[PDB]
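J.: Let me begin by handing over the structure; questions about it come next.
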There are 2 protein chains.
Amino acid sequence: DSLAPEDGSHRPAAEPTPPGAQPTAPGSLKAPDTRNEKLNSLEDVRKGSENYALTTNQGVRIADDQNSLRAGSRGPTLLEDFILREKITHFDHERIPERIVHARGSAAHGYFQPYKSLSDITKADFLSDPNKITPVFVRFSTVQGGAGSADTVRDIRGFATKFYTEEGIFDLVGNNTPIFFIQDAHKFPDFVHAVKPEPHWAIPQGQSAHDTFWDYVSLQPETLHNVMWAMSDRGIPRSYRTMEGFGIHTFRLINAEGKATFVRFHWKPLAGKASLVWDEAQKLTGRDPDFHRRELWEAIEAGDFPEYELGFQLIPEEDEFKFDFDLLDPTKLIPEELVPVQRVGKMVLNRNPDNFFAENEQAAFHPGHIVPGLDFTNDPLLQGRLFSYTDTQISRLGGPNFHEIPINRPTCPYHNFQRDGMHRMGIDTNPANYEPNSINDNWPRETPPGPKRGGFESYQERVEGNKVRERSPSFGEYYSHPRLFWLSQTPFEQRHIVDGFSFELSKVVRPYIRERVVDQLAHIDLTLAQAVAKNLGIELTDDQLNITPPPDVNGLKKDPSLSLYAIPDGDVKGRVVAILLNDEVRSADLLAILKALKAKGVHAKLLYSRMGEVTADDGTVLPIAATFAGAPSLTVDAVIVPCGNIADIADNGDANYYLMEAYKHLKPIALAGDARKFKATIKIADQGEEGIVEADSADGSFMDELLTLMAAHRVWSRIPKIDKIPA
Amino acid sequence: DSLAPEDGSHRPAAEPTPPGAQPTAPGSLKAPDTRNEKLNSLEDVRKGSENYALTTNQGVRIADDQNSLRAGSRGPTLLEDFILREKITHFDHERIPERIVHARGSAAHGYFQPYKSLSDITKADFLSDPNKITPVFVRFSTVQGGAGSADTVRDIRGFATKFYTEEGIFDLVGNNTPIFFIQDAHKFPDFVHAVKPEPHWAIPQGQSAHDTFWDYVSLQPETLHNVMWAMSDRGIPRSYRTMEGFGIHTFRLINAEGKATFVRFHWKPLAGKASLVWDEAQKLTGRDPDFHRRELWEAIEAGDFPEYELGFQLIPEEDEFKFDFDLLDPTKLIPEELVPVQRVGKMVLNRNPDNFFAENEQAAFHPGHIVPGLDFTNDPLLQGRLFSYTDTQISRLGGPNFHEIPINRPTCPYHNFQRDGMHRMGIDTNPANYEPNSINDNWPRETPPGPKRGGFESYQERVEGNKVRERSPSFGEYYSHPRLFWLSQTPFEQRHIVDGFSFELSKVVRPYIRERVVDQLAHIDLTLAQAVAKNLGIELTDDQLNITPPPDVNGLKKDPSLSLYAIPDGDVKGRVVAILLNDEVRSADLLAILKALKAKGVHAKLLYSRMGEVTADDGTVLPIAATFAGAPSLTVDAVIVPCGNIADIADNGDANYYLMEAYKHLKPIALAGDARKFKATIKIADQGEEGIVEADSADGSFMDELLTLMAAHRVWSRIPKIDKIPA
Ligand code: HEM
Ligand code: HEM
């Protein structure tokens, strides 16, 4: 019929387009030809639409889908309208339980491939041949807020990877900091209850700036290392593409001869590390609560695929007690300076889902999903987790057959004698459902352990001790690893940590709790302690001033791997720039600007006060992407204002604030020709200053200064200036 | 033990305190003596804590609640730790399904009481005697976002009241606008799917500014009246206390002689009507996503109880076809100018819950929960709703016994022969579970209909027609009631509607959809059409310019009841003012200011750049409530800056922006003495201007000008000025 516009404009191009150039689509429709083995096997449950009749779930076609069956057109609805009651019953039952933690979350499809065979250290088939690529499904998440919460909150992010391997599913479920808050799994409910919304009134959402959180931190000094990380810029990332990932426990790699190696897993972001600053990150949860979900979907549609390196920290079994921290302690990190991360392979995320609920919401990831070649250790938080993620699926996913939900199915064979349970999909033809059996000659059969394709056998570690509910004395140290983290931060990074604690703590209503947290900080480092204390109006006791600092970590004084900005690495590719238009824009400026950006892989948004299009001075028509208020500075990386009829936007409060917000959030600002009038707005010396690129015309060098600032992410040197600005 | 601070400061005072003066508490603990019949009956399921041992759910006391049972303190956790597995199993299963619509929501306890007996019109016992007070439970809600979404979004709000009456539960489930979007319940799934997050990527949250929403509006002209309301300031309220509520369908009141009267239900806010402005409302979902949940909890703890008048629009059965709109059409409002709202009683909300999940999340409200004295009509949206809210509880609340969940239980008797089903609490001693029966002599027995305490009998309306799925021709008019709404708006109210449509529509990526919505507006009113069109770069076709406007509604040209601000009514009580401190504040100013505010019932927040306390010039100690960045202007109603050492905050970017944001959001600003220096910031004539109160000292008249502006809510006359401000 019509309803569709002919000119075809309702459908997106099935090819990479920049951010916001087209409506977004289902994966299959946007990228018909990105295939892999898991993607192809879901084909049996994909449903199309075009040229199909509207039906009931029982196949009966519907003639009127606008009206209920009533006795006369102004009369009562009849109980025999089965078409209406089916349509409203399925609506009434749409929602399943959300994840009790990590409910927010965004996922994509892609693959893993090893750099070389690691057969010398593990008999794990997915790592056995550099030529073997493995389908993955990855979901990035926050920790506290429900699925309806905002993306750019201050929190730990999760990073879960499902590996569809030839010998089983290996789920590597980690987060973006290398230590957790708790040593023992028995305390997990108390910690999650304390971070979560408070019981009486369910406030706050997506925030730890509340009394109970900080109450439990002050009473539990083991939480302090990971609270330091959450209080850093590490707690507000720019993108899921711009963060590290970590498995946090020590695991084992078992090779074909039986040798066990301890390992810790890392994910290194090939786009560099980068974070937002808090005023930006907080305002942006109001301006776009879906910023992280949006930008991942769109990087993949523009072809700016996310890529990460899998990296191992290997430690021989003999060195188990070589460090002055316990390797099985989850609140201790292993400094890369002591043990290096060896890069093992690479992961590429290159396809979005077709249906968020079906693929993303129904995905089950559990750390107990290991394969031959891997094994667990006695880490007390890892041992408890193992109980949990099988259990939780019985209500979230309705039952013991969650592995039959299509995103979760092994792409390799699985046969065993488990029968029945809710929405059992497999019809078992085996005459036996028990072993040992003679009637189907004992099939399916047990397999002995071996080098390739053998059964799972656990590593025969020796256990001796009594049945005790008791914490190991080796776990008893709470302060050298937070001070190592603190000392490895650049100065503006440390500022930002002071300010993180000061904001959060200002929101605790009960002052004894805030004092209790400053006492703990004085055991880490007094400078840190004094700075936070000051913002809160607290004085340190001369005794607090005489607390002796913790020891070094194996004589290490700092490790720069723990900082985000100290050793620089920066994608300018896939970043986004806002260009502020006016009604007679100088095309000379504009075609130079856009060419430069295109060569580097950077996306532009042409922004105005009205939608529709303006016309450059040469009569070129430029379509406007958003208004100044519609796409705030908050959502880009740099602002460029070309020359032209400047008088048009000069008096506009929105165009001027666009620049003041951006200035304050430490972003590069480039002013060509008369656009330099706005220096007077953000208060700049005619003599100039760093981070403001200015010139007579937009050209090659002007763009070079801009892209160079952009590779450096923010102009940190401006931090003294930005305090006098009211924005 | 300790952990508690002695000085007692961890516990709040069990008496009314202002906003933020104390930590908030459970209802029982904050207000031990606000009782009512429903509150007292929940006493059988309230659980205390103090002086009690920590136990398992089976009563076994726990000695170590910090550690798991392991074979040696660095060894594996044992499967026989039943204490650990119970604690983690209940955690694993915390979450039930959320409401498929209206999932966000905030609730409180209180009562209803009639002004007089309405026995002449209804035999409904809760309305029979002015001396009969009825327990209510009320939940205010949004419509689109999940339970983790933000409170101050642009959306319709719900307003659901559970009346615990002597003859059954009467649930009056309504919203805050008087018409709905859809005529027939069969379309409800298509409309909710179109407003909701889009299927492929689940964006956006809490927003209708997306293509599918506006696609379905342009193709469905019956949605246009209620979209006008959502696009007005009516879609962003200041508080749940500052809005009207409506049942939207025509219902029947049946008296003891059998006479039926049609009725429409209203709730009139005794604090006046008031809304936020969009930049404010949007930024505030970032700055405090729980603003509406918070402020309701705290009005009730300060004793600023919410109060509403129940009001009836009665129409005799004979006048059923007297209007030129169908009374059974849910997209048509009945102008108060044609039919007056008669005030029937009053409702007071005076007690918060003890446990949000238990009381609020498990509450089931359904419109089919009517009592004797009330009945339904053939409204096609009301008839479908009736199916739905029984159905949805079978998964949300796990089963057919949701009425046994304590918040939902009748406070009056209920006995019948329904047996079994999941978490059946009642043990039935009746030897029979069927009627007719002789073995328990037919008890419980059927009751005949009568004037008081009789059985439910339906009104014997005549039905004649054929079984047809067909819409009545009387429902076919889509445009005079949106133009009546439009013409009844003040000029700045209409501005705000233009700007609502222009923002939302700028976020549709597909331009043909935006054009399609402007065509529809040109059928309502051309001024409206031209304004929106302009912001979007769209030109109206000369044919669009020649569309004939819709007819009047029964010769009515405007009704001022449809505007928020035209006839003024304003609580200054319970509003909140921010006072910007400095380090030598003049106490003369301050004690005058706070006395004035206290006499009017207005709450102050003393705000500084640091927490702790400053000292007035006379050595008074003032404790600081938040920082300027911690409690933004966004969260108060007016700003007062007293005199003192102004030089201290004058150069502070935060203190200056605090004033520019507030200025722009049209709030009253009061400057005493040297504080008038800041006029230079917000750019004011020395000669002064309206809405900026200024003087040599804070005194009686200065405060009078301020409270008077405050009773008028915003300074609408500033709207021409605020465009040049960059904030
Ligand atoms: C090193 C510490 C931990 C890390 C790195 C971690 C990581 C994660 C991640 C990334 C998810 C999100 C799953 C998804 O995206 O679907 C998750 C879910 C969950 N975690 Fe943890 N977690 C940790 C500790 C714990 C502990 C101690 C428990 C339980 C005793 C626990 C229980 C769960 C459960 C029940 C879920 C929801 C499970 C599901 O939906 O399948 N986690 N965790
Ligand atoms: C005049 C139009 C309508 C109004 C005023 C209205 C109002 C409401 C309100 C206020 C709630 C929130 C309940 C709570 O706070 O717990 C609600 C829930 C709900 N509504 Fe509506 N609604 C309307 C139309 C519809 C229609 C046509 C359907 C179904 C065919 C529907 C289905 C539901 C369901 C299934 C829920 C969740 C029910 C529950 O949780 O108990 N509503 N509605």
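Note on naming: chains are A, B, ... as they come in the structure tokens, residues start from 1 per chain, ligands start from 1 in the order shown.
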Can you write out as JSON lines which residues of chain B fall within 6 Å of ligand 2, alongside each residue's closest atom pair and its distance in Å to one decimal, counting only C-alpha atoms and all ligand atoms and ordering rows by chain and ascending residue number?

T.:
```
{"residue": "B:99", "atom": "CA", "partner": "ligand 2", "partner_atom_place_in_ligand_line": "40 (O)", "distance": 4.7}
{"residue": "B:100", "atom": "CA", "partner": "ligand 2", "partner_atom_place_in_ligand_line": "37 (C)", "distance": 5.7}
{"residue": "B:101", "atom": "CA", "partner": "ligand 2", "partner_atom_place_in_ligand_line": "37 (C)", "distance": 5.6}
{"residue": "B:102", "atom": "CA", "partner": "ligand 2", "partner_atom_place_in_ligand_line": "12 (C)", "distance": 5.0}
{"residue": "B:139", "atom": "CA", "partner": "ligand 2", "partner_atom_place_in_ligand_line": "15 (O)", "distance": 5.0}
{"residue": "B:141", "atom": "CA", "partner": "ligand 2", "partner_atom_place_in_ligand_line": "15 (O)", "distance": 5.8}
{"residue": "B:158", "atom": "CA", "partner": "ligand 2", "partner_atom_place_in_ligand_line": "10 (C)", "distance": 3.8}
{"residue": "B:159", "atom": "CA", "partner": "ligand 2", "partner_atom_place_in_ligand_line": "10 (C)", "distance": 4.9}
{"residue": "B:160", "atom": "CA", "partner": "ligand 2", "partner_atom_place_in_ligand_line": "10 (C)", "distance": 4.9}
{"residue": "B:173", "atom": "CA", "partner": "ligand 2", "partner_atom_place_in_ligand_line": "10 (C)", "distance": 4.9}
{"residue": "B:174", "atom": "CA", "partner": "ligand 2", "partner_atom_place_in_ligand_line": "5 (C)", "distance": 3.8}
{"residue": "B:175", "atom": "CA", "partner": "ligand 2", "partner_atom_place_in_ligand_line": "5 (C)", "distance": 4.6}
{"residue": "B:180", "atom": "CA", "partner": "ligand 2", "partner_atom_place_in_ligand_line": "1 (C)", "distance": 5.2}
{"residue": "B:185", "atom": "CA", "partner": "ligand 2", "partner_atom_place_in_ligand_line": "27 (C)", "distance": 4.4}
{"residue": "B:188", "atom": "CA", "partner": "ligand 2", "partner_atom_place_in_ligand_line": "27 (C)", "distance": 5.2}
{"residue": "B:247", "atom": "CA", "partner": "ligand 2", "partner_atom_place_in_ligand_line": "5 (C)", "distance": 5.8}
{"residue": "B:248", "atom": "CA", "partner": "ligand 2", "partner_atom_place_in_ligand_line": "1 (C)", "distance": 5.0}
{"residue": "B:364", "atom": "CA", "partner": "ligand 2", "partner_atom_place_in_ligand_line": "41 (O)", "distance": 4.7}
{"residue": "B:365", "atom": "CA", "partner": "ligand 2", "partner_atom_place_in_ligand_line": "41 (O)", "distance": 5.1}
{"residue": "B:366", "atom": "CA", "partner": "ligand 2", "partner_atom_place_in_ligand_line": "41 (O)", "distance": 5.9}
{"residue": "B:381", "atom": "CA", "partner": "ligand 2", "partner_atom_place_in_ligand_line": "27 (C)", "distance": 5.2}
{"residue": "B:384", "atom": "CA", "partner": "ligand 2", "partner_atom_place_in_ligand_line": "30 (C)", "distance": 4.9}
{"residue": "B:385", "atom": "CA", "partner": "ligand 2", "partner_atom_place_in_ligand_line": "30 (C)", "distance": 4.2}
{"residue": "B:388", "atom": "CA", "partner": "ligand 2", "partner_atom_place_in_ligand_line": "35 (C)", "distance": 5.1}
{"residue": "B:389", "atom": "CA", "partner": "ligand 2", "partner_atom_place_in_ligand_line": "38 (C)", "distance": 4.9}
{"residue": "B:392", "atom": "CA", "partner": "ligand 2", "partner_atom_place_in_ligand_line": "35 (C)", "distance": 5.6}
```

J.: Can you write out the residues you just picked, keeping N, CA, C and O atoms, as an mmCIF file, in the first residue's frame?

T.:
```cif
data_model
loop_
_atom_site.group_PDB
_atom_site.id
_atom_site.type_symbol
_atom_site.label_atom_id
_atom_site.label_comp_id
_atom_site.auth_asym_id
_atom_site.auth_seq_id
_atom_site.Cartn_x
_atom_site.Cartn_y
_atom_site.Cartn_z
ATOM 1 N N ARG B 99 6.134 -3.952 35.648
ATOM 2 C CA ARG B 99 4.843 -3.732 35.022
ATOM 3 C C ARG B 99 5.116 -3.543 33.539
ATOM 4 O O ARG B 99 6.118 -2.938 33.162
ATOM 5 N N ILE B 100 4.310 -4.117 32.656
ATOM 6 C CA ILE B 100 4.662 -4.079 31.281
ATOM 7 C C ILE B 100 4.514 -2.656 30.818
ATOM 8 O O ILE B 100 5.225 -2.374 29.849
ATOM 9 N N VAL B 101 3.653 -1.814 31.461
ATOM 10 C CA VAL B 101 3.563 -0.353 31.315
ATOM 11 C C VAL B 101 3.356 0.160 32.738
ATOM 12 O O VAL B 101 2.892 -0.515 33.664
ATOM 13 N N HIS B 102 3.684 1.448 32.875
ATOM 14 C CA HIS B 102 3.743 2.119 34.178
ATOM 15 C C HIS B 102 4.737 1.409 35.156
ATOM 16 O O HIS B 102 4.493 1.342 36.322
ATOM 17 N N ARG B 139 -0.488 4.905 43.944
ATOM 18 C CA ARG B 139 0.840 4.801 43.350
ATOM 19 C C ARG B 139 0.864 5.773 42.181
ATOM 20 O O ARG B 139 -0.073 5.701 41.380
ATOM 21 N N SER B 141 2.894 7.146 38.776
ATOM 22 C CA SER B 141 3.726 6.428 37.833
ATOM 23 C C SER B 141 3.933 7.260 36.566
ATOM 24 O O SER B 141 3.306 8.310 36.425
ATOM 25 N N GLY B 158 0.517 8.182 35.446
ATOM 26 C CA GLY B 158 -0.605 7.463 36.019
ATOM 27 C C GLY B 158 -0.845 7.920 37.475
ATOM 28 O O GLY B 158 0.026 8.533 38.115
ATOM 29 N N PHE B 159 -2.035 7.633 37.986
ATOM 30 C CA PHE B 159 -2.546 8.016 39.301
ATOM 31 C C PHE B 159 -3.557 6.920 39.719
ATOM 32 O O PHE B 159 -4.742 7.023 39.348
ATOM 33 N N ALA B 160 -3.179 5.865 40.479
ATOM 34 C CA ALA B 160 -4.011 4.684 40.776
ATOM 35 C C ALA B 160 -4.410 4.682 42.254
ATOM 36 O O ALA B 160 -3.520 4.859 43.062
ATOM 37 N N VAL B 173 -8.206 3.636 38.782
ATOM 38 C CA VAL B 173 -6.922 3.619 38.081
ATOM 39 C C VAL B 173 -6.988 4.699 36.983
ATOM 40 O O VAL B 173 -7.521 4.491 35.897
ATOM 41 N N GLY B 174 -6.443 5.893 37.135
ATOM 42 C CA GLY B 174 -6.539 6.898 36.112
ATOM 43 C C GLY B 174 -5.216 7.492 35.826
ATOM 44 O O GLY B 174 -4.199 7.001 36.325
ATOM 45 N N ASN B 175 -5.204 8.456 34.926
ATOM 46 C CA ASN B 175 -4.029 9.242 34.623
ATOM 47 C C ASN B 175 -4.220 10.733 34.796
ATOM 48 O O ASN B 175 -5.268 11.154 35.262
ATOM 49 N N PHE B 180 -7.489 9.519 26.448
ATOM 50 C CA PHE B 180 -6.377 8.614 26.214
ATOM 51 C C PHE B 180 -6.004 8.783 24.756
ATOM 52 O O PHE B 180 -6.550 9.666 24.098
ATOM 53 N N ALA B 185 -9.441 -0.884 22.636
ATOM 54 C CA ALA B 185 -8.418 -1.663 23.348
ATOM 55 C C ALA B 185 -7.612 -2.615 22.478
ATOM 56 O O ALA B 185 -6.471 -2.901 22.805
ATOM 57 N N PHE B 188 -4.087 -1.352 21.709
ATOM 58 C CA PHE B 188 -3.204 -0.993 22.778
ATOM 59 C C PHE B 188 -1.812 -1.565 22.619
ATOM 60 O O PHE B 188 -0.849 -0.793 22.666
ATOM 61 N N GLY B 247 -10.178 9.648 35.598
ATOM 62 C CA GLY B 247 -10.507 8.244 35.308
ATOM 63 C C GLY B 247 -10.663 7.915 33.811
ATOM 64 O O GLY B 247 -10.694 6.744 33.395
ATOM 65 N N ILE B 248 -10.695 8.985 32.988
ATOM 66 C CA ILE B 248 -10.901 9.027 31.540
ATOM 67 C C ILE B 248 -12.187 8.320 31.080
ATOM 68 O O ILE B 248 -12.877 8.927 30.306
ATOM 69 N N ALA B 364 -1.181 -4.657 43.076
ATOM 70 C CA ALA B 364 -1.955 -4.919 41.887
ATOM 71 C C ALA B 364 -3.194 -3.971 41.863
ATOM 72 O O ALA B 364 -4.043 -4.034 42.782
ATOM 73 N N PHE B 365 -3.373 -3.056 40.871
ATOM 74 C CA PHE B 365 -4.550 -2.194 40.739
ATOM 75 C C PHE B 365 -5.233 -2.645 39.435
ATOM 76 O O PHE B 365 -4.551 -2.953 38.466
ATOM 77 N N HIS B 366 -6.563 -2.816 39.376
ATOM 78 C CA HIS B 366 -7.303 -3.218 38.191
ATOM 79 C C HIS B 366 -8.666 -2.457 38.217
ATOM 80 O O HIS B 366 -9.420 -2.593 39.213
ATOM 81 N N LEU B 381 -12.337 1.063 24.863
ATOM 82 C CA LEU B 381 -11.066 0.988 25.562
ATOM 83 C C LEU B 381 -11.291 0.456 27.014
ATOM 84 O O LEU B 381 -10.601 -0.492 27.421
ATOM 85 N N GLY B 384 -11.843 -3.500 27.099
ATOM 86 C CA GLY B 384 -10.661 -4.330 26.864
ATOM 87 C C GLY B 384 -9.745 -4.393 28.087
ATOM 88 O O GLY B 384 -9.197 -5.462 28.438
ATOM 89 N N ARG B 385 -9.587 -3.221 28.727
ATOM 90 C CA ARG B 385 -8.826 -3.063 29.940
ATOM 91 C C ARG B 385 -9.295 -4.086 30.957
ATOM 92 O O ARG B 385 -8.497 -4.693 31.696
ATOM 93 N N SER B 388 -7.410 -7.485 30.620
ATOM 94 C CA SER B 388 -6.050 -7.310 31.003
ATOM 95 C C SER B 388 -5.530 -7.332 32.427
ATOM 96 O O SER B 388 -4.549 -8.054 32.678
ATOM 97 N N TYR B 389 -6.089 -6.607 33.406
ATOM 98 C CA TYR B 389 -5.309 -6.524 34.622
ATOM 99 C C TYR B 389 -5.530 -7.711 35.558
ATOM 100 O O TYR B 389 -4.803 -7.841 36.530
ATOM 101 N N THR B 392 -2.463 -10.187 33.642
ATOM 102 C CA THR B 392 -1.086 -9.832 33.851
ATOM 103 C C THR B 392 -0.475 -10.253 35.193
ATOM 104 O O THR B 392 0.727 -10.523 35.307
#
```

J.: So that each row is one residue of chain B with an atom at most 12 Å from ligand 1, can you give its shortest atom pair and the distance in Å to one decimal, using only C-alpha atoms and all ligand atoms, rows by chain and rising number, as a tab-separated table?

T.:
```
residue	atom	partner	partner_atom_place_in_ligand_line	distance
B:68	CA	ligand 1	30 (C)	11.1
B:84	CA	ligand 1	30 (C)	9.3
B:85	CA	ligand 1	30 (C)	9.3
B:86	CA	ligand 1	30 (C)	11.3
B:87	CA	ligand 1	30 (C)	9.3
B:88	CA	ligand 1	30 (C)	6.1
B:89	CA	ligand 1	35 (C)	9.0
B:90	CA	ligand 1	35 (C)	10.4
B:91	CA	ligand 1	35 (C)	7.6
B:92	CA	ligand 1	35 (C)	5.3
B:93	CA	ligand 1	35 (C)	8.6
B:94	CA	ligand 1	35 (C)	10.1
B:95	CA	ligand 1	37 (C)	11.1
```

J.: Given the choices B:125, B:723, B:457, B:167, which gets closest to chain A if the distance is worked out from only C-alpha atoms?

T.: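 Using only C-alpha atoms, the shortest distance to chain A belongs to B:723.
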
J.: Please give the complete set of residues from segment 24-231 of chain B that DSSP, run on the backbone, assigns to alpha helix (DSSP H), formatted as number ranges by chain.

T.: B: 27-30, 37-41, 82-92, 188-195, 211-219, 224-231

J.: At a cut-off of 12 Å, using only C-alpha atoms, what residues contact residue 289 of chain A? Leave out same-chain residues fewer than 4 positions from it and give the result as a ChimeraX atom specification.

T.: /A:104,145,147-153,206,281-285,293-295,634-635 /B:145,148-150,153,202-207,282-283,285-287,289

J.: Measuring between only C-alpha atoms, which one of A:433, A:633, A:165, A:652 shows the shortest distance to residue 579 of chain A?

T.: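 Result for the nearest residue to residue 579 of chain A: A:633.
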
J.: Can you pull out the residues contacting residue 134 of chain B? Cut-off 10 Å, using only C-alpha atoms, and skip same-chain residues under 2 positions away; I want them as a PDB file with C-alpha atoms, in the first residue's frame.

T.:
```
ATOM      1  CA  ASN B  36      -5.436   3.599  59.855  1.00  0.00           C
ATOM      2  CA  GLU B  37      -7.306   0.288  59.413  1.00  0.00           C
ATOM      3  CA  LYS B  38      -5.211  -0.980  56.471  1.00  0.00           C
ATOM      4  CA  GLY B 110      -3.591   7.769  53.488  1.00  0.00           C
ATOM      5  CA  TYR B 111      -7.418   8.239  53.543  1.00  0.00           C
ATOM      6  CA  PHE B 112     -10.484   9.382  51.860  1.00  0.00           C
ATOM      7  CA  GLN B 113     -13.484  10.997  53.426  1.00  0.00           C
ATOM      8  CA  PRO B 114     -16.801  12.225  51.760  1.00  0.00           C
ATOM      9  CA  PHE B 126     -17.697   4.356  50.820  1.00  0.00           C
ATOM     10  CA  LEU B 127     -19.705   7.488  49.683  1.00  0.00           C
ATOM     11  CA  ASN B 131     -18.291  10.296  58.775  1.00  0.00           C
ATOM     12  CA  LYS B 132     -16.852   7.184  57.145  1.00  0.00           C
ATOM     13  CA  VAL B 136      -6.326   4.298  50.459  1.00  0.00           C
ATOM     14  CA  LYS B 162      -6.929   1.541  46.080  1.00  0.00           C
ATOM     15  CA  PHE B 163      -9.959   2.051  48.242  1.00  0.00           C
ATOM     16  CA  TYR B 164     -10.223  -0.479  51.093  1.00  0.00           C
ATOM     17  CA  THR B 165     -14.058  -0.129  51.479  1.00  0.00           C
ATOM     18  CA  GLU B 166     -16.449  -2.161  53.778  1.00  0.00           C
ATOM     19  CA  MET B 347      -7.968  12.412  50.004  1.00  0.00           C
TER      20      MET B 347
END
```

J.: With only C-alpha atoms as the basis for distance, which of A:354, A:661, A:307, A:375 is at the shortest distance from chain B?

T.: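 Comparing A:354, A:661, A:307, A:375 against chain B, the winner is A:354.
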
J.: Closest to chain A among B:545, B:182, B:556, B:626, using only C-alpha atoms?

T.: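 The answer is B:626, which sits nearest to chain A.
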
J.: Report as a PDB file with C-alpha atoms, in the first residue's frame: the residues of segment 8-246 of chain B with a DSSP assignment of strand (DSSP E), based on the backbone of this structure.

T.:
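Result file follows (result_5.pdb):
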```
ATOM      1  CA  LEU B  69      32.998 -23.335  54.788  1.00  0.00           C
ATOM      2  CA  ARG B  70      36.254 -24.434  53.137  1.00  0.00           C
ATOM      3  CA  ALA B  71      38.583 -27.409  53.717  1.00  0.00           C
ATOM      4  CA  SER B 106       5.988   5.926  43.733  1.00  0.00           C
ATOM      5  CA  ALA B 107       3.364   5.152  46.437  1.00  0.00           C
ATOM      6  CA  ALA B 108       1.999   6.339  49.775  1.00  0.00           C
ATOM      7  CA  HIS B 109      -0.666   5.541  52.333  1.00  0.00           C
ATOM      8  CA  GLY B 110      -3.591   7.769  53.488  1.00  0.00           C
ATOM      9  CA  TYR B 111      -7.418   8.239  53.543  1.00  0.00           C
ATOM     10  CA  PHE B 112     -10.484   9.382  51.860  1.00  0.00           C
ATOM     11  CA  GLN B 113     -13.484  10.997  53.426  1.00  0.00           C
ATOM     12  CA  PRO B 114     -16.801  12.225  51.760  1.00  0.00           C
ATOM     13  CA  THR B 134     -11.625   4.856  53.950  1.00  0.00           C
ATOM     14  CA  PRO B 135      -7.984   3.669  53.860  1.00  0.00           C
ATOM     15  CA  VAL B 136      -6.326   4.298  50.459  1.00  0.00           C
ATOM     16  CA  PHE B 137      -2.988   3.227  48.933  1.00  0.00           C
ATOM     17  CA  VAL B 138      -1.954   5.428  45.914  1.00  0.00           C
ATOM     18  CA  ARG B 139       0.840   4.801  43.350  1.00  0.00           C
ATOM     19  CA  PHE B 140       1.880   7.631  40.933  1.00  0.00           C
ATOM     20  CA  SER B 141       3.726   6.428  37.833  1.00  0.00           C
ATOM     21  CA  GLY B 158      -0.605   7.463  36.019  1.00  0.00           C
ATOM     22  CA  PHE B 159      -2.546   8.016  39.301  1.00  0.00           C
ATOM     23  CA  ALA B 160      -4.011   4.684  40.776  1.00  0.00           C
ATOM     24  CA  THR B 161      -6.046   4.622  44.111  1.00  0.00           C
ATOM     25  CA  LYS B 162      -6.929   1.541  46.080  1.00  0.00           C
ATOM     26  CA  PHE B 163      -9.959   2.051  48.242  1.00  0.00           C
ATOM     27  CA  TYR B 164     -10.223  -0.479  51.093  1.00  0.00           C
ATOM     28  CA  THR B 165     -14.058  -0.129  51.479  1.00  0.00           C
ATOM     29  CA  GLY B 168     -14.878  -4.631  48.678  1.00  0.00           C
ATOM     30  CA  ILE B 169     -11.802  -3.017  47.064  1.00  0.00           C
ATOM     31  CA  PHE B 170     -12.554  -0.236  44.615  1.00  0.00           C
ATOM     32  CA  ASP B 171      -9.514   0.566  42.488  1.00  0.00           C
ATOM     33  CA  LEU B 172      -9.770   3.920  40.585  1.00  0.00           C
ATOM     34  CA  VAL B 173      -6.922   3.619  38.081  1.00  0.00           C
ATOM     35  CA  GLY B 174      -6.539   6.898  36.112  1.00  0.00           C
ATOM     36  CA  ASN B 175      -4.029   9.242  34.623  1.00  0.00           C
ATOM     37  CA  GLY B 245      -5.972  13.125  37.893  1.00  0.00           C
ATOM     38  CA  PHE B 246      -8.740  11.729  35.708  1.00  0.00           C
TER      39      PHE B 246
END
```
